[PDB]
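Data block for final_27.cif (mmCIF, C-alpha atoms):
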data_query
#
loop_
_atom_site.label_atom_id
_atom_site.label_comp_id
_atom_site.auth_asym_id
_atom_site.auth_seq_id
_atom_site.Cartn_x
_atom_site.Cartn_y
_atom_site.Cartn_z
CA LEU A 7 18.05 49.04 84.99
CA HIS A 8 14.71 47.33 85.57
CA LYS A 9 11.22 47.55 84.09
CA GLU A 10 8.34 48.49 86.39
CA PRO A 11 4.54 48.37 86.01
CA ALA A 12 2.48 51.40 84.95
CA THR A 13 -1.01 51.90 83.55
CA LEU A 14 -2.16 54.21 80.78
CA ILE A 15 -4.33 57.06 81.96
CA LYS A 16 -4.19 59.15 78.79
CA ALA A 17 -2.04 59.55 75.68
CA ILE A 18 -0.73 63.13 75.38
CA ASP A 19 1.68 63.60 72.48
CA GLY A 20 4.91 62.41 70.87
CA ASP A 21 7.16 62.48 73.94
CA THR A 22 4.81 62.71 76.95
CA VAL A 23 2.09 60.43 78.31
CA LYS A 24 -0.12 60.31 81.42
CA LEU A 25 0.38 57.11 83.44
CA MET A 26 -0.47 55.62 86.81
CA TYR A 27 2.76 54.65 88.58
CA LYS A 28 2.61 53.00 91.99
CA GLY A 29 -0.90 54.37 92.45
CA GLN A 30 -0.04 57.96 91.52
CA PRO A 31 -1.17 59.70 88.30
CA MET A 32 1.92 61.17 86.64
CA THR A 33 3.13 62.76 83.45
CA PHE A 34 6.08 60.89 81.96
CA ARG A 35 8.58 62.47 79.58
CA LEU A 36 10.29 60.00 77.24
CA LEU A 37 14.04 59.85 77.87
CA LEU A 38 16.56 60.67 75.13
CA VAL A 39 14.00 61.62 72.45
CA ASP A 40 12.70 64.88 70.97
CA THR A 41 9.47 64.64 68.99
CA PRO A 42 7.90 67.53 67.04
CA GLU A 43 5.06 69.22 68.95
CA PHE A 50 1.51 68.32 67.84
CA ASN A 51 0.90 71.46 65.75
CA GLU A 52 4.34 71.21 64.16
CA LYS A 53 5.43 69.20 61.08
CA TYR A 54 5.32 65.45 61.91
CA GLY A 55 3.65 66.28 65.23
CA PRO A 56 0.26 64.70 64.39
CA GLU A 57 2.11 61.60 63.14
CA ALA A 58 4.28 61.37 66.28
CA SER A 59 1.23 61.76 68.53
CA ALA A 60 -0.84 59.22 66.57
CA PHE A 61 2.10 56.80 66.67
CA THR A 62 2.49 56.76 70.46
CA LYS A 63 -1.28 56.91 70.99
CA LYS A 64 -1.87 53.78 68.89
CA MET A 65 1.16 51.98 70.34
CA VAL A 66 0.23 52.62 73.98
CA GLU A 67 -3.58 52.44 73.69
CA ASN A 68 -3.36 48.94 72.17
CA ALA A 69 -0.71 47.63 74.55
CA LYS A 70 -1.78 45.16 77.23
CA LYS A 71 1.30 45.81 79.34
CA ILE A 72 2.87 49.24 79.80
CA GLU A 73 6.21 49.40 81.60
CA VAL A 74 8.41 52.21 82.82
CA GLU A 75 12.17 51.88 83.17
CA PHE A 76 13.99 54.65 85.01
CA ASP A 77 17.63 55.19 84.12
CA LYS A 78 20.62 55.61 86.47
CA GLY A 79 20.28 59.41 86.62
CA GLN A 80 17.63 61.88 87.79
CA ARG A 81 14.15 60.34 87.76
CA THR A 82 12.08 63.55 87.57
CA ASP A 83 12.69 66.89 85.86
CA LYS A 84 11.98 70.35 87.29
CA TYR A 85 8.28 70.15 86.30
CA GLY A 86 7.79 66.93 88.26
CA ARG A 87 7.51 64.71 85.19
CA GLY A 88 8.81 61.16 85.43
CA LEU A 89 11.80 60.49 83.18
CA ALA A 90 11.83 56.99 81.75
CA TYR A 91 12.02 54.55 78.88
CA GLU A 92 8.49 53.41 78.15
CA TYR A 93 7.71 49.89 76.97
CA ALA A 94 4.49 48.71 75.35
CA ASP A 95 4.31 44.90 75.44
CA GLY A 96 8.09 44.63 75.53
CA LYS A 97 8.71 47.15 72.73
CA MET A 98 10.37 50.46 73.65
CA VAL A 99 8.22 53.44 72.62
CA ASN A 100 11.29 55.71 72.74
CA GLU A 101 13.14 53.49 70.24
CA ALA A 102 10.07 52.87 68.06
CA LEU A 103 9.64 56.64 67.54
CA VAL A 104 13.26 57.29 66.59
CA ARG A 105 13.28 54.25 64.27
CA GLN A 106 10.28 55.71 62.41
CA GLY A 107 11.98 59.08 62.00
CA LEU A 108 9.33 60.68 64.21
CA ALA A 109 11.89 61.84 66.79
CA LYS A 110 15.57 62.72 67.12
CA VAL A 111 17.88 61.55 69.91
CA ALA A 112 18.04 64.20 72.62
CA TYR A 113 20.90 65.63 74.68
CA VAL A 114 21.63 63.57 77.81
CA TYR A 115 19.77 64.81 80.89
CA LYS A 116 21.50 64.24 84.23
CA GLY A 117 23.21 60.92 83.54
CA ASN A 118 20.25 59.17 81.87
CA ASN A 119 22.20 57.71 78.93
CA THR A 120 22.02 53.89 79.19
CA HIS A 121 20.06 53.43 75.95
CA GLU A 122 21.71 56.33 74.11
CA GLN A 123 23.67 54.13 71.67
CA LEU A 124 20.63 51.95 70.97
CA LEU A 125 18.57 55.04 70.19
CA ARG A 126 21.34 56.53 68.05
CA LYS A 127 21.34 53.30 66.02
CA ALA A 128 17.56 53.43 65.56
CA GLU A 129 18.02 57.07 64.46
CA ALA A 130 20.84 56.36 62.01
CA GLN A 131 18.73 53.73 60.25
CA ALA A 132 15.77 56.12 60.01
CA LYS A 133 18.10 58.79 58.62
CA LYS A 134 19.62 56.33 56.13
CA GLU A 135 16.09 55.43 54.98
CA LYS A 136 15.20 59.15 54.76
CA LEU A 137 12.17 58.59 56.98
CA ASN A 138 9.88 61.52 57.79
CA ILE A 139 12.02 64.14 59.62
CA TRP A 140 15.03 62.94 57.61
CA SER A 141 13.22 63.09 54.24
CA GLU A 142 15.02 66.33 53.30
CA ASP A 143 18.59 65.08 53.85
#

Do you think you could lay out the structure here as structure tokens?
Amino acid sequence: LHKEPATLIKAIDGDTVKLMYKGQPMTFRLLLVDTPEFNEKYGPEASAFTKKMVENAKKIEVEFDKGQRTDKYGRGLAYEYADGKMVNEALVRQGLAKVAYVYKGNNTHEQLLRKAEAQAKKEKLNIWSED
């Protein structure tokens, strides 16, 4: 896999963001993560997390996996990096998202995400606070 340049157009919510990619404005859906919707418990937190992380990042990068690059809605499917830090992993580590089911072979960072998740769960962070 390889990281590619992208530019923030607009933060959306926990697992989606509007970015410019190769000159085209696109909606990207974060691979392997499921964040609560905005008007759902932990949704405002998840949205504020990604917003802050991406809005203050000098360099935004997109890394497509080995599987399907776009879903049925035309959204780009990738691992998003803000100044070298993976947004997907950062969310799961904070207990603001759970690892999602693999979508069409995009599973390269599945173990890494599961490890970020396990630690969040062990620390009873946010979504895991009722375990």

| request: Please tell me which residues are no farther than 9 Å from (-4.1, 52.2, 88.3) in the file, counting all atoms listed in the file, and write them as a PyMOL selection string. | output: chain A and resi 12-15+25-31

| Hey, what's within 9 Å of stretch 128-136 of chain A if we count only C-alpha atoms and toss same-chain stuff fewer than 3 positions away? As a list in words, please? | residues 101, 102, 103, 104, 105, 106, 107, 108, 109, 110, 111, 123, 124, 125, 139, 140, 141, 142 and 143 of chain A

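Using only C-alpha atoms for every distance, the candidate list A:16, A:33, A:126, A:57 yields A:33 as the residue closest to residue A:89.
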
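Atom CA of residue A:62 is positioned 7.5 Å from atom CA of residue A:17.
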
| field | Within 10 Å of file point (9.5, 61.1, 85.4), counting all atoms listed in the file, expressed as an MDAnalysis selection string | value | chainID A and resid 22 27 32:37 74:76 80:91

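Residues selected in this file by the PyMOL selection byres ((chain A and resi 119) around 9) comprise residues 37, 38, 77, 78, 79, 114, 115, 116, 117, 118, 120, 121, 122 and 123 of chain A.
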
| field | Length of the atom CA of residue A:63 to atom CA of residue A:51 vector [Å] | value | 15.6 Å

| task | Kindly give the distance, in Å, that separates atom CA of residue A:65 and atom CA of residue A:138, rounded to a single decimal. | result | 18.0 Å

| note | With distances taken over only C-alpha atoms, the candidate from A:69, A:24, A:19, A:127 nearest residue A:52 is A:19

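Residues within 9 Å of residue A:66, counting all atoms listed in the file and excluding same-chain residues fewer than 5 positions away, are residues 14, 17, 61, 71, 72, 93, 94, 95 and 99 of chain A.
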
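Nearest-residue note for residue A:60: choosing from A:137, A:18, A:112, A:98, the minimum distance belongs to A:18, counting all atoms listed in the file.
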
| request: Give the answer as one residue: which of A:73, A:21, A:10, A:40 has the shortest atom-to-atom distance to residue A:92, using all atoms listed in the file? | output: A:73

| Between A:23, A:70, A:39, A:50, which has the minimum distance to residue A:96 (counting only C-alpha atoms)? | A:70

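Compared by their closest atoms to residue A:97, and using all atoms listed in the file, the residues A:9, A:113, A:53, A:58 rank with A:9 nearest.
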